[PDB]
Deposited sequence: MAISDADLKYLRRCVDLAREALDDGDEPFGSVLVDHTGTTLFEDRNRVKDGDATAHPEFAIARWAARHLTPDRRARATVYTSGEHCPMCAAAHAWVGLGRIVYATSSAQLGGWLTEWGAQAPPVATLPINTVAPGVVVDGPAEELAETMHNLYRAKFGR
């Protein structure tokens, strides 16, 4: 179950990835949602550690209680890299939903002959065993493929 409600928040992550692409950044966006369904924070890509998932981790730590964090959900256009996955787990954030996996992205970068990142594309549960993780979203594969192609294709 990627629910219909989840898809609504993933589509929004996708629009943030587009917004970042248009302002000259890498196409990645994420959205922190509280247990209620209220969007608490939103971000997108922008130094090389400026990942929206990490920004969300630092934000959740600064502005939420351990208890509220644990009940929050993070949606993301692209599965967290190991930095973000670890940060999320260290601050005690809850569920993660992603539209594309770092497996799909790594496959695609290889297809385009693009430089592999200096960080391995580990699935989240390899880095953070306790986190509940849903995705990818079959509905948004082609869109993300196209978005990633705009930035990284070659």
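Numbered from the first deposited residue, the unresolved ranges run 1, 48-51.
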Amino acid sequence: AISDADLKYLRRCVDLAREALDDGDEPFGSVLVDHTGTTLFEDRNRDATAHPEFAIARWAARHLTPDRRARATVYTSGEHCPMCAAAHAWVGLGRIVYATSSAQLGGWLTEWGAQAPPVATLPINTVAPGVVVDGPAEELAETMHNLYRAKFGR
From here on, numbers count along this sequence of modelled residues.
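Higher mean CA B-factor, judged across 121-129 and 52-60 from the recorded values: 52-60. Mean CA B-factor, 80-88 versus 67-75: the higher value falls on 67-75. Out of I96, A103, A99, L40, the entry records its largest CA B-factor for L40. Remark: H145 belongs to the lowest third of its chain, ranked by C-alpha B-factor as recorded.
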